[PDB]
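Take a look at the structure below.
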Amino acid sequence: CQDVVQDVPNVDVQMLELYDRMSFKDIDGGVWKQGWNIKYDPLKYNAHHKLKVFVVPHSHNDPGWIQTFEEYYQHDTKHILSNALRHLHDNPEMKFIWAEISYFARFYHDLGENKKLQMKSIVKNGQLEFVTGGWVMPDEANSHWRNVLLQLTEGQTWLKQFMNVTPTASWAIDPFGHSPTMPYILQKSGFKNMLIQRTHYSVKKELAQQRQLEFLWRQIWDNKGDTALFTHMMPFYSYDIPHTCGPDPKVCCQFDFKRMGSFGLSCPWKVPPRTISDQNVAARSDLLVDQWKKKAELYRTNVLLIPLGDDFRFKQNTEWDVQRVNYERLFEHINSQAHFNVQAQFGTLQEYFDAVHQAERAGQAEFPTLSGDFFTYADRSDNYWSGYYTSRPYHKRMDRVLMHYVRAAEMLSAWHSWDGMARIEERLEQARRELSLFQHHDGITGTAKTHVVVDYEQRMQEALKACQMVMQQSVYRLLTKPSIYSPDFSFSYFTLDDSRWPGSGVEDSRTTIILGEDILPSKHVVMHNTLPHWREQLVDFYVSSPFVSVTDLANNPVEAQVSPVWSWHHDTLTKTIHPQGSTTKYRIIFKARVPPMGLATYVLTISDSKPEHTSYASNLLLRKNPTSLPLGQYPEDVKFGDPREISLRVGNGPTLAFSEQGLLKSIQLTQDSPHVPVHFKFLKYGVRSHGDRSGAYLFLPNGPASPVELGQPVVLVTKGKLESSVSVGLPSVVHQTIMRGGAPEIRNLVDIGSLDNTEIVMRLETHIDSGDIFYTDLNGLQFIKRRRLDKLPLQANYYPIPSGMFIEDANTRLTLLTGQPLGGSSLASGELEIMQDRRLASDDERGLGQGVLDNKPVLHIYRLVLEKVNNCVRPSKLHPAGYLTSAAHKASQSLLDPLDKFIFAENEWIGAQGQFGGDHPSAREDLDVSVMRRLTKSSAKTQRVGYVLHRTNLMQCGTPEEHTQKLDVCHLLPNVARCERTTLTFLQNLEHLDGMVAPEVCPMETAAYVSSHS
Ligand SMILES: O=C(O)[C@@H](O)[C@@H](O)[C@H](O)[C@@H](O)CN1C[C@@H](O)[C@H](O)[C@H]1CO
Ligand SMILES: *[C@@H]1O[C@H](CO)[C@@H](O)[C@H](O)[C@H]1NC(C)=O
Ligand SMILES: [Zn+2]
């Protein structure tokens, strides 16, 4: 195993280091606005050394953006694919590449048998080539690596099954900036090459000058280079034809033959394309070859990539003809004129890369190594695209909730084979596809039109119902005596109880468990733990009486706490946002202990008075002019007081101090230790008056953020033995700090309401000497070092916070973990800030054609971890990575993969069992079973189950925390006959494993295994 902490990799280009030295000046470079006037030596090419040009036709099909997936399919894409099949079938030298498998699958299944055979032969013969092969071309900023892998797998599994091909070349031309998480997943999925486009214009200029646009991209912590994936970064401002033939768009536009008039389209540089003929072909070729040779100067080999395409192109039959025939004329003339020393032809992406690598092996070139990422993207001037790190935050949070449900449904149902009548495969397929579709760079990114966001949300809501049905049927099967198990596959044995989604305040969707001495006295509840180690976590349920006690299934009492159910309302009468307590239901809380990847059953029983093992929280309402708050049968009266500082401590954990406005002020780790200043504050950013306006994509603040005026907010304090909290109703936000004895949990119920042209940010102010350094994660997979640069505007210093961020000095670290991707930064030493929501009334000119005015209440969740780190073994000052401690990693896990809760729906569960998985191995804390998926249907003689194992890297800080079982996923299910290491998509066997034992992986590595069973 490589050491990912102490050996700083030596690479030719390290993006953080490049960022430190680069100038980022935005000067007019001539026709190539953001470059320079390229020049070439005409004698560089001759008969023995020609320029091989590959023109690769393509069509960017967004799965939802301005139209919904289905509307684009009906009005556009089905015609693109139908005409592609026809044209390629009839024109054998023509080529075309295809990226979005969601669309291709949709298409293919509406095809007649004869067309399917035709389609398969143009794929087999190489004319139609799939690039990447993912269900979509995912966003790279907000997406979790688990879902990037999920959608890549959904598309490639479809391609292998139906087209019998697995792409090894990736094409990502539209994501708004790029992540090293991609080469990481791709390289472990059999890929050999990848292409990217949207990177900072300054970076493009800088790398082009050094001919470093093609590089071996390795992970920032990879000293050896085993993760390296050859990468081609396109050099210009866009992937359209005007910006892909060469440096001058006025010239390249004349070579987009769809712009002569009958298609509506035109050249904004004022010169239109003209049909090629014998009279003008020489003059046209002169212009075109000149462009190619200039573009060729920016790269190292004599092989040139020339994409030919744009959004939803190759739709009309006449369009196929006008592009094909004109380019064929150009090719015939150019290739026959020795003096150009050029051999040009239509080609595919893989043809291009194969030719480049042949040249490389011929010693014609050597490529540089690079590590780092490509965020935050700006396509021009000061237009940094950091607004989409936060846009439509409701759905961003929904993404993470569905990510987890999918994982839990596939894992719970993988333990058995199911009869087709149960429709398990069918429901999981739908859940996987709706979630995969949302990874699209206009889905999770929050950059689609209002009704298209609605379409994605409705699809994820059906996916969530599908997962719940699979999960509850599975739990019923795993915890009912076999000889009693009698399933009705359309019945609800259990209903899921979720405390954080949609969230209290967003939607009253939780069911109350109704008990009564004169009716039903008890109720079974079941917790599932998808993680591969024993886990204890407090779980809460709503009950109809405060007098309830908890037992495990051997009837051992379990300590519990009951609290009122508090909800907040903007009292548009005394003009306050204040809490109300339920007089009809209550919350019971207790610690559930659940086996690794297993289940645990508990029983809640009502009594007529205080039970022996249940305690009650005290409640304090702080506001001047208080009024009473009745709580039905709750046994303790609410206490009142004037606003004041307060301090709390649950168990032996930290003591937190709060301001009189109910916000965190300081944290004291132990009895003795000091009160570390850590203050939460909410501020707002506005939009510029004149000039470029912020929009769904762009964040263009009219200056630093200004404090939200709070007034005298109402603070609610709940103090219990197991859980305490401090909640405050602020304008636009009900902010809550919850304590269970470890790092606190923070929840914000954000409702920007009608605050047009406003972005609400949540900031943490500390005195940690962080300087200009901070850390953010990439796709929930790794943490990268960021350096705030004052030579860049504020918006350029915002980065994706997909799951976490932290700042530290020599002794102290503050890490903020999130349950949803949002934008964020450290704008000053000791500060961390993360955007909560943004309402924008103007369009930001990137084609969306609307602002963001469809905001809705959303419950954001976080864990806040203050830690001493002077004793931790950290990477050197020069290392570009950072790593979490054990506590922060477990805190991220508690947000992304909590215990699932099921309430038995009927009165009596006959044959109920108390636990499942008590014999599963409890693996080391840095190891996770990211995916567990049965890959075969029940009629298959040999069952196959796939596992994706991921090991993160946690800092050594002096806490032994040892003694753990080795997890061998291949022996989790009985009767194993074979165990294989495979690509992460499970599509290719890479190693036959001895003894059918799957070894554990190294820190920061991810592996896949498939176990076969008789
Ligand atoms: O085709 C052009 O005119 C290009 O410059 C592109 O603008 C092209 O429309 C496309 O990339 C626009 N992309 C499409 C969509 O997926 C994005 O949100 C959006 C952001 O601008
Ligand atoms: C699938 O591709 C393989 C090459 O790996 C080929 O040998 C096989 O015949 C193909 N199967 C089908 C259904 O054409
Ligand atoms: Zn796009």
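All residue names refer to the structure tokens as shown: chains lettered A, B, ... in order, residues numbered from 1 in each chain, ligands numbered from 1 in order.
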7 Å from ligand 1 is the threshold here; counting only C-alpha atoms and all ligand atoms, which polymer residues fall inside it? Answer as a short mmCIF file (atom, residue, chain, number, x, y, z; two decimals) with N, CA and C atoms, in the first residue's frame.
```
data_model
loop_
_atom_site.label_atom_id
_atom_site.label_comp_id
_atom_site.auth_asym_id
_atom_site.auth_seq_id
_atom_site.Cartn_x
_atom_site.Cartn_y
_atom_site.Cartn_z
N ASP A 62 -28.76 16.90 -24.00
CA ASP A 62 -28.93 17.05 -22.55
C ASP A 62 -30.16 16.26 -22.11
N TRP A 65 -33.15 19.95 -19.58
CA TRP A 65 -32.53 21.25 -19.41
C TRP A 65 -33.63 22.32 -19.62
N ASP A 174 -19.48 19.19 -21.46
CA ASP A 174 -20.30 20.24 -20.89
C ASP A 174 -20.31 20.44 -19.36
N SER A 238 -15.42 26.91 -26.39
CA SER A 238 -16.60 26.06 -26.48
C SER A 238 -16.36 24.77 -27.30
N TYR A 239 -17.33 23.85 -27.27
CA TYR A 239 -17.25 22.62 -28.03
C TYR A 239 -17.99 22.73 -29.36
N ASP A 240 -18.60 23.90 -29.62
CA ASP A 240 -19.30 24.09 -30.88
C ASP A 240 -18.31 24.17 -32.07
N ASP A 310 -22.55 20.08 -31.97
CA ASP A 310 -23.11 21.12 -31.09
C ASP A 310 -24.38 20.55 -30.45
N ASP A 311 -25.17 21.37 -29.77
CA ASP A 311 -26.34 20.84 -29.06
C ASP A 311 -27.41 20.28 -29.97
N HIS A 441 -25.59 17.05 -15.69
CA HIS A 441 -25.11 18.38 -15.38
C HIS A 441 -26.16 19.54 -15.47
N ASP A 442 -27.45 19.21 -15.68
CA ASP A 442 -28.54 20.19 -15.54
C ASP A 442 -29.55 19.68 -14.48
N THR A 447 -29.54 23.81 -12.72
CA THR A 447 -29.54 24.71 -13.86
C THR A 447 -30.60 24.40 -14.95
N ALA A 448 -31.71 23.73 -14.58
CA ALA A 448 -32.78 23.44 -15.56
C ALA A 448 -33.96 24.43 -15.38
N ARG A 846 -26.47 31.95 -20.00
CA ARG A 846 -25.78 30.69 -20.35
C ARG A 846 -26.75 29.74 -21.00
N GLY A 847 -27.86 30.31 -21.46
CA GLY A 847 -28.85 29.58 -22.22
C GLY A 847 -30.08 29.11 -21.46
N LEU A 848 -30.07 29.21 -20.14
CA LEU A 848 -31.22 28.78 -19.36
C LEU A 848 -32.48 29.66 -19.65
#
```
Practice task
Using DSSP on the backbone coordinates, identify the residues of region 432-664 of chain A assigned to strand (DSSP E or B); present them as a PyMOL selection string.
Solution key: chain A and resi 440+480+494-496+513+522-529+535-543+548-552+557-558+560-571+576-594+598-606+614-616+618-622+639-641+646-649+655-658+664
Completion exercise
Atom pair CA of residue 602 (chain A) + CA of residue 559 (chain A), distance 11.9 Å
Fill in the blank from the handout: The residue from A:373, A:206, A:612, A:366 with the smallest atom-to-atom distance to residue 776 (chain A), counting only C-alpha atoms, is A:373
Exercise for the section: Determine which residues of region 101-331 of chain A DSSP labels as helix (DSSP H, G or I) from the backbone of this structure, then write them out as an MDAnalysis selection string. Expected result: chainID A and resid 101:108 113:124 145:163 181:187 201:209 241:243 249:255 281:297 317:331
Exercise for the section: Throw together the list of residues within 10 Å of ligand 2, counting only C-alpha atoms and all ligand atoms, and drop it here as a PyMOL selection string. Expected result: chain A and resi 120-121+124+160-166
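Excluding residue 751 (chain A) itself and any same-chain residue fewer than 4 positions from it, the protein and nucleic acid residues within 10 Å of it, counting only C-alpha atoms, are residues 505, 506, 731, 732, 733, 734, 755, 760, 836, 837, 855, 856, 857, 858 and 859 of chain A.
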